[PDB]
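# Examination of the molecular architecture
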Amino acid sequence: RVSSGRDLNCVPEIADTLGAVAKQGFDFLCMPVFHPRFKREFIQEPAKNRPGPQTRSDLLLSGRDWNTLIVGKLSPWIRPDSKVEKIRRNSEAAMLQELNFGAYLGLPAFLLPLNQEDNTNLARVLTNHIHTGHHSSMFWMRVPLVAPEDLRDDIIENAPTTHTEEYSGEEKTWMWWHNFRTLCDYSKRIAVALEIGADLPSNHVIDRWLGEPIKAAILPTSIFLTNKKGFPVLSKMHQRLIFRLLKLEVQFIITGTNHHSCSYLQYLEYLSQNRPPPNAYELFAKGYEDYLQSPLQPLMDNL
Amino acid sequence: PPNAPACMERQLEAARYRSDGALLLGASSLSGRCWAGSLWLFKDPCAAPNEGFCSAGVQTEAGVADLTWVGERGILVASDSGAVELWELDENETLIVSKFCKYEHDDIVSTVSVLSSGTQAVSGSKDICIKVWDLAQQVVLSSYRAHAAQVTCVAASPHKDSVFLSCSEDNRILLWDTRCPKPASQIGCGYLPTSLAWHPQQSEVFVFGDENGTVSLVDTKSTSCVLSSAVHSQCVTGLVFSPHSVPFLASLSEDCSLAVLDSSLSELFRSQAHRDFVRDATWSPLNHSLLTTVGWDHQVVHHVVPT
Amino acid sequence: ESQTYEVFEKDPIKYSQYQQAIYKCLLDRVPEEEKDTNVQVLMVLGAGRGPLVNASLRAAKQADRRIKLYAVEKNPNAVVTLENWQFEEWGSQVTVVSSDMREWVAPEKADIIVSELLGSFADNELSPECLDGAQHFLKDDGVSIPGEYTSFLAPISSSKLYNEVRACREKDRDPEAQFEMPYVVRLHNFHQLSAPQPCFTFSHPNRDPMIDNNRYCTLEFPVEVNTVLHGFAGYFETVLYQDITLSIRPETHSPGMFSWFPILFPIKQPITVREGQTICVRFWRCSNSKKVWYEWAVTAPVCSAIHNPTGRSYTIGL
Amino acid sequence: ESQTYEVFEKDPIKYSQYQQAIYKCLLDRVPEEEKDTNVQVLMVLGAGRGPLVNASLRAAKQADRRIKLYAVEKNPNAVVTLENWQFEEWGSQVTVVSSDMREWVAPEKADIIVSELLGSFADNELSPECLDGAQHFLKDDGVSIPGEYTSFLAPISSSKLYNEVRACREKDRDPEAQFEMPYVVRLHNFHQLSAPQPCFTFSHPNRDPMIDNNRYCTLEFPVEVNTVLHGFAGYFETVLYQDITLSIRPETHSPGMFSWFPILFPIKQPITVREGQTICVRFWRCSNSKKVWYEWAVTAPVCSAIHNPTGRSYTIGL
Ligand SMILES: Cc1ncnc2c1ccn2[C@@H]1C[C@H](Oc2cc(C(F)F)c(F)c3c2CNCC3)[C@@H](O)[C@H]1O
Ligand SMILES: Cc1ncnc2c1ccn2[C@@H]1C[C@H](Oc2cc(C(F)F)c(F)c3c2CNCC3)[C@@H](O)[C@H]1O
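Cut-offs applied
Along every chain, residues receive numbers from 1 upward following the written sequence, which is not necessarily the numbering found in the entry; those without coordinates are excluded from display. Here chains are named by letter from A upward and ligands by number from 1 upward, in the order in which they appear as written. Values throughout apply to the part shown, which belongs to a larger assembly of chains. Calculation of side-chain values draws on the structure's entire complement of heavy atoms; hydrogens and water are dropped beforehand. Residues with missing side-chain atoms are left out of burial classes, side-chain pairs and their counts. Strands are runs of DSSP state E lasting at least two residues, helices are runs of H or I lasting at least four, and both sets are numbered from the N terminus onward. We compute the radius of gyration from the C-alpha atoms alone; for a globule the expected value is 2.2 Å times N to the 0.38, where N is the number of residues. For this analysis, residues touch if any pair of their heavy atoms sits within 4.5 Å. By definition, the buried area sums, over both parts, the 1.4 Å-probe accessible area that each loses when the two are put together. Take a side-chain nitrogen of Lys or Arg and a carboxyl oxygen of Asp or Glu: if they are within 4 Å of each other, that pair is a salt bridge. In the analysis that follows, any N or O atom pair within 3.5 Å is treated as a polar contact, provided that within protein one partner can donate a hydrogen and the other can accept it, and provided that, for residues neighboring in sequence, both atoms belong to side chains. Strands qualify as paired when DSSP identifies two bridges or more between them. Helix axes are fitted only over the stretch in contact, all axes being lines through C-alpha atoms; the angle between N-to-C directions runs from 0 to 180 degrees. Nearness is judged by heavy atoms alone; a residue qualifies as near a molecule or strand once a single heavy atom is within 4 Å of it. Residue exposure ignores everything except the shown protein chains as possible cover, and the areas themselves are Shrake-Rupley values with a 1.4 Å probe. Three categories are distinguished: nonpolar for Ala, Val, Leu, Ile, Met, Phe, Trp, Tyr, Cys and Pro, charged for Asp, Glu, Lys and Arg, and polar for the others, with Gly belonging to the last. Disulfides are defined in this document as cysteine sulfur pairs within 2.5 Å. A helix is expected to reach a length of 1.5 Å times the quantity of its residues less one. Categorising residues by exposure relies on relative accessible area from a 1.4 Å probe, with only protein chains included: less than 20% of the type maximum marks a residue as buried, more than 50% marks it as exposed, and the intermediate range marks it as partly exposed. Oblique is the label for any angle not covered by the other classes, which are roughly parallel (under 35 degrees), roughly antiparallel (over 145) and roughly perpendicular (65 to 115). Centres within 6.5 Å make a pair out of two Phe, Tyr or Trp rings, where for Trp the six-membered ring is used; the pair is then stacked when the planes are under 30 degrees apart, edge-to-face when over 60, and tilted otherwise. Charge-over-ring contacts are defined here by two conditions on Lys NZ or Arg CZ: a distance within 6 Å of the ring centre and an angle within 35 degrees of the ring normal. Left-handed describes a crossing whose near helix is turned anticlockwise from the far helix through less than a right angle; right-handed describes the clockwise counterpart.

## Remarks on the overall build of chain B
- Within chain B one finds zero helices and 27 strands.
- Here chain B has a C-alpha radius of gyration of 18 Å; the compact-globule value for 307 residues is 19 Å, and the two agree.

Dropping the structure here:
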């Protein structure tokens, strides 16, 4: 009933990992296509000439599995907007390399992060790859509801967390997304993977994501509260947000390590089962949602 | 060749000499079918990396991103799986056995540092958190989300058990002290901090390397008049001081080089023996002018620093 | 893509044919007495995920000779599959080279260069250009597999495929560009008006200076029926080694071969052909330093416009 | 064309400036005692109908030194004018070479390579690439004239030029392509919103390995007035030799120079700028083996789409 996917950053054996992920009950896996720690060099000798394979083989999975179950993840060291020229040049080559590898496999979607205000060069390199070749892969922007800098523990003695309401300030992650898609010319191939943190922001901040192409929601294990029996659950505020996303029919993604004695998935299924039944209108319109049709002209035309 | 693996993964992550002179090796396969890791002990440092000429070996279920000695028998491992691992040598030092594998971080544990006493340790992850551990109790004492990005380096105080340094992609260098209610403080002073090194004599002075190859000398007292040198062309992956009463600073980098510098940061040694990224440095406890470096090229190169 | 290579791999007939072409060449180059004295330098050019590399090893076992394999591939995504195979199975035998075959400076010259750079109209993937830039690293007596290839052309009638091409109009381009570019198609509901005739032929190695891969060919096709010409089906034949060959020409089609389907070269306006009339077509192979393309025109019974003048609608990149 | 070269020739200021750059270099390279011992190898790269060749001869007379001139031109129509001049007037002095400066294998190395391969945005005619491929035939101590060049950019408002670009829509192409390509224009009814700032700079020779002519520059332009931004005027400055320079930057414009007019880099949708706001623009110099192009975007006060992504609307051919 819920299209759910497991997010991993550690995959030692791809077939074992996928087998366990599917045993858990997930419909897809988000995993790195190269080793997240395997930083590569493209400009200077001798690390430029690093021999041996660059990643694991495409032969390790059926084309059908690469096509339907694997979601690629950009490498965390790739920073096209670094203040260091060499890191931008190297990151440009590595991003195109990683994207073109996922296109070579026909992966249904690839993930890219939005975690700083300036993502100009990342957008230019994405736009450039879109205009290069024949691929049709969906691009997911991993963007948080709240920036890591605004949900940090108030434990820096000489740098404290402000308690003053900054209206526009609290909705900074939406402008990171807005600028990225304005740069990328509103491409239909670029969507949002909205990351939901520990404590929900103001309602206005959540309402900024209304009308936006949210294709997935990322729920870290650390945002789950424990019930009386010991299994993971979510707050009524967090639950409300899940019900909004289920109408939008997003793909739920579970990220992070385990923290409870899969139950994380089973809670979403339970919530999805408990939602209100669709009324006459909602049942009739089921399929017609945001589908543009021409207004009838029964005077001019014969119905 | 004991009751352990027959092959050691090409990417040599960490080289650590213990008190007697035995060499610790951390390795991971960052390419190919399997992406797992391994731990190795070489009682003969000249026999490394030859898998058949070793004292003991072991297979980790995932890559080794960082490691540290927990005395003379124990070994603390930063895993890609998000686990902090403690592996202890057996009674004969012919086996490496798992003591604890604790999955408490939500992403790749990138850095690990054992605290002055040796009963506690600090881990820094890509999940942005920093954690203080009880090695004996096998739990996390405190969890700290003080950063706004991935933690690059965690370095425990040479002598104070409550103090440590952390640096991150959020451009912060945080001085910690668990005795305060707000444990961290931002060291004032550009480019992202990548490597941290506490000075072994002045418990108030430390060095930091940045993503632009520059190495800088910092005094916690008057955080101005900072001494700096452009040592490397690429990012500085590590800084290790020599055991000498007046230590020498060895700096490893992504430019595939090693350099040994004096107290005024000037260059005295330079080594291009490495063809891939230089990942670690460990000075011999026995021969203080002899320094070892392991790289991503599978080399274990032994250097004789001109002192 | 990975699946495109998977599809090309699942063609046994073509690889059992390549196997034999190497087998017969291994015997002709190394006599039974020289069985262990001489190891043959074999160079796969455009190796993909290595189906020819494996065929070369299967050919070396049955011919019972020694080979030194090189697997040159420019696609670095394919090169990952090759390097994983080299580590897990092939070994020192195969030296995987991640380069463009016209840029690679080779250690030593090759005894045999083996390539599959052929499309539905033979030279339409730029096999002439690729193997020309690779020819400098072939021994002054080396063998190229394939040694020769020829494109064929036949006039066709299909008001169904003419409509299918009309439907290919796209915005922001010439409203008639869809008629000035070839298409790969499994031709079905159509009529062949004259027998296929050879168009362009290329042989490797090309020891001649001022080699020139440009072409101009005039074909005269006798028509026995009354009809409406809409285009020209193109096929190819190739001589791998001696009698070992592959063909997609329907009257000599290699049985069970999947890798190629006919090309179709359409014409803007359909042409009426009466019984006894001759359809005359002109084809050109053109090129500059950066692009190769085809241009073509019907000159009998009536003239057409010159199709794709200067690759304006379709060029093949160098 | 012949008349384009005639127009470029009728610019005295630019040639009297080139004259002096050669004059001062001749003195710095050959001391008065060496006056007749050393003849300097001078190589004009992209000679046209030879206005620089004549300037080089005028510079050799006033500097009273010996020169050995070469006039490299790829345009063979221009090469006819050069070869007629060589016969009727220049003589043995000038060795006319009808080649592309990146393909020419020179007899000996050059003392000075002199070129005019600059456009309104400096490196927009591919001067970086041309002189890089010619750099191998320059002495390990030779002088390139020009030694350096820099492109400048200034934000502008002109609802009149924004309309002029809208009017540039053509059929069979992107309805918005006219906004993703530069234009050479004598800007008149317009308003400059911020002072010109340097964008891209190239120096010759480029002795550095992994030389890379690609660029990415971020500019922050302070605006004092309320306005509507429509595009970016581009200009250039060049250091011929030492203090001898040419400029089209309005605040340092070389008086009486005709050969260049400003470029204009438009934006699809006009942008409102309030007094005190900063206009931030990003420029890129891009390239593959065959084409070089610019891509650009406004990032403040608001974002624009990335203009000309992958040279899709405009590329400069290699
Ligand atoms: C200048 C240069 N230098 C190095 N390699 C180059 C080039 C140009 C192309 N190529 C390679 C050739 C290779 O083409 C194939 C591979 C397989 C096999 F892999 F299955 C095939 F079945 C088929 C083809 C193509 N014709 C249909 C059957 C493809 O991988 C390209 O990247
Ligand atoms: C790779 C290569 N190899 C050999 N020559 C090459 C190239 C590329 C271009 N060219 C030449 C350069 C030359 O450009 C000029 C000549 C005159 C003078 F003739 F008046 C000018 F005033 C001006 C220009 C151009 N900037 C404005 C002023 C033109 O003739 C081209 O054919």
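Read on for the rest.
## Quick word on the interface of chain A and chain D
- Of the residues lining the interface, 17 residues belong to chain A; the matching set on chain D comes to 18 residues.
- Both faces considered, chain A and chain D share a buried interface measuring about 1,500 Å² in area, 56% of it formed by carbon and sulfur atoms.
- We note a salt bridge from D118 of chain A to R282 of chain D, for which the minimum N-O separation is 2.8 Å.
- Viewed at the interface, chain D and chain A are joined by ten residue pairs in polar contact.
- Among the elements of the structure, α3 (85-104), α4 (120-130) and α6 (172-183) of chain A are those that each provide at least two residues to the side of chain A that touches chain D.
- Considering each element in turn, the side of chain A that touches chain D owes the most residues, six residues, to α4 of chain A.

## Here we look at the sheet that holds strand β16 (residues 184-186) of chain B
Residues and elements named next belong to chain B.
- Spatially, four strands are ordered β13-β14-β15-β16 in an open sheet, and the strand pairing comes out antiparallel. Sheet topology places β13 (151-156) and β16 at the edges, where each strand pairs with a single neighbour. With direction set aside, neighbouring strand axes in the sheet form an average angle of 25°.
- Across five bridges, β13 lies against strand β14 (residues 163-168) in antiparallel orientation. Paired with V151 across the two strands is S168, which belongs to β14.

## Concerning the arrangement of the chains
- With five pairs of chains in contact overall, the greatest share of contacts is found between chains A and B.
- Regarding chain B and chain D, the two do not touch, and the least distance separating their C-alpha atoms is 14 Å.

## A word on the site of ligand 1
Residues and elements named next belong to chain C.
- Not every one of the 20 residues close to ligand 1 is listed here, only the nearest: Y5, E73, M101, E116 and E125.
- Between ligand 1 and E73, the relevant distance is 2.6 Å, taken from an oxygen atom to a side-chain nitrogen or oxygen of the residue.
- One of the side-chain N or O atoms of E125 is found 2.9 Å from a nitrogen atom in ligand 1.
- Protein coverage of the free-state accessible area of ligand 1, which is 640 Å², stands at 90%.
- Among the secondary structure elements, those contributing two or more residues to the shell around ligand 1 are α1 (2-9) and α2 (12-29).
- Of the residues that constitute the shell around ligand 1, the class distribution is nine nonpolar, three polar and eight charged.

## Considering the site of ligand 2
Residue and element names in this part refer to chain D.
- Near ligand 2 you find 20 residues, and of these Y5, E73, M101, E116 and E125 are the closest.
- Within the contact set of ligand 2, an oxygen atom lies 2.6 Å away from a side-chain nitrogen or oxygen of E73.
- The separation between a nitrogen atom of ligand 2 and a polar main-chain atom of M101 is 2.9 Å.
- Contact with the protein chains covers 90% of the free accessible surface of ligand 2, which is 630 Å².

## What about the side chain of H35 of chain A?
- Relative to the assigned elements, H35 of chain A resides in the loop between β2 (28-32) and α2 (63-68).
- Within the structure, the side chain of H35 of chain A is placed 3.0 Å from the backbone nitrogen of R37 of chain A, a separation counted as a polar contact.
- Setting aside chain neighbours within four positions, we find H35 of chain A in contact with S75 of chain A together with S29, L30, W35 and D80 of chain B.

## Quick word on the interface of chain A and chain B
- Counting from both sides, the interface comprises 49 residues of chain A and, opposite them, 60 residues of chain B.
- When the buried area of chain A at its contact with chain B is split by residue, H35, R37 and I155 of chain A rank highest and sum to 17% of it.
- Between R37 of chain A and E13 of chain B there is a salt bridge, with the nearest N and O atoms lying 3.1 Å from each other.
- The interface formed by chain A and chain B contains 23 residue pairs in polar contact.
- Across the side of chain A that touches chain B, the residue classes tally to 22 nonpolar, 13 polar and 14 charged.

## Observations concerning the state of the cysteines
- Taken as a whole and assessed by the stated rule, the structure comprises zero disulfides over all chains.
- In this structure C30 of chain A is a free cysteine whose sulfur lies 15 Å from that of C262 of chain A, the closest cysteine sulfur available.

## Quick notes on helix α3 (residues 51-62) of chain C
Residues and elements named next belong to chain C.
- Across its twelve residues, α3 extends 17 Å between first and last C-alpha, which sits within 8% of the 16 Å expected from 1.5 Å per residue.
- Buried within α3 we find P51, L52, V53, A55, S56, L57, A59 and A60.
- Immediately beyond the C-terminal end of α3, within one or two residues, lies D64, with a positive phi of roughly 45°.

## Here's the deal with the environment of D106 of chain B
- With respect to the element layout, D106 of chain B can be found in the loop between β8 (96-103) and β9 (109-114).
- With a relative accessible area of 23%, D106 of chain B lands in the partly exposed category.
- The sequence separation of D106 of chain B and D127 of chain B amounts to 21 residues, and the corresponding C-alpha distance is 5.5 Å.
- Setting aside residues up to four positions removed in sequence, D106 of chain B forms contacts with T221, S222, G256, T257 and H259 of chain A together with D127 of chain B.
- In terms of polar contacts, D106 of chain B uses its side chain to reach the side chain of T221 of chain A, at 3.1 Å.
- A polar contact is formed between the side chain of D106 of chain B and the side chain of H259 of chain A, at a distance of 3.0 Å.

## A word on the packing of helix α8 (residues 236-247) of chain A against helix α9 (residues 263-274) of chain A
Residue and element names in this part refer to chain A.
- At a minimum axis separation of 11 Å, α8 and α9 run at an interaxial angle of 70°. The angle between α8 and α9 falls in the class roughly perpendicular. Where α8 approaches α9, its residues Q239, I242, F243 and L246 are matched on the opposing element by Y267, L268, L271 and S272.
- Class assignment of the residues belonging to the contact of α8 with α9 gives a composition of six nonpolar, two polar and no charged.

## Side note on the packing of aromatic side chains
- What the rule picks out here adds up to 44 aromatic pairs over all chains.
- Between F236 of chain D and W260 of chain D the ring centres are 5.2 Å apart and the planes differ by 75°, which places this aromatic pair in the edge-to-face class. Taken together, the residues span a long stretch of sequence, with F236 of chain D in strand β11 (residues 227-241) and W260 of chain D in the loop between β12 (244-247) and β13 (263-273) at a distance of 24 residues. The residues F236 of chain D and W260 of chain D share a single accessibility class, namely buried.
- Sitting over the ring of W35 of chain B, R56 of chain A keeps its end group 3.9 Å from the ring centre.
- One residue, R208 of chain A, lies across the ring of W174 of chain A, its end atom 3.8 Å from the ring centre.

## Considerations on the packing of α2 of chain C against α3 of chain C
Residues and elements named next belong to chain C.
- Contact geometry of α2 with α3 gives a least axis separation of 8 Å together with a crossing angle of 45°. As judged from the angle between their axes, α2 and α3 are oblique. Between α2 and α3 lies a crossing whose hand is right-handed. Contact residues: α2 offers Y15, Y18, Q19, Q20, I22, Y23 and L26, while α3 offers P51, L52, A55, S56, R58, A59, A60 and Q62.

## Some thoughts on the sheet that holds strand β3 (residues 37-42) of chain B
Residues and elements named next belong to chain B.
- Strand order in this open sheet of four strands is β1-β2-β3-β4, and the pairing throughout is antiparallel. Of all the strands in the sheet, just β1 (11-17) and β4 (56-60) have a single pairing partner and so form its edges. If you compare each strand with its neighbour and ignore which way they point, the axes differ by 15° on average.

Don't take any of this as a statement about function, it's just geometry.
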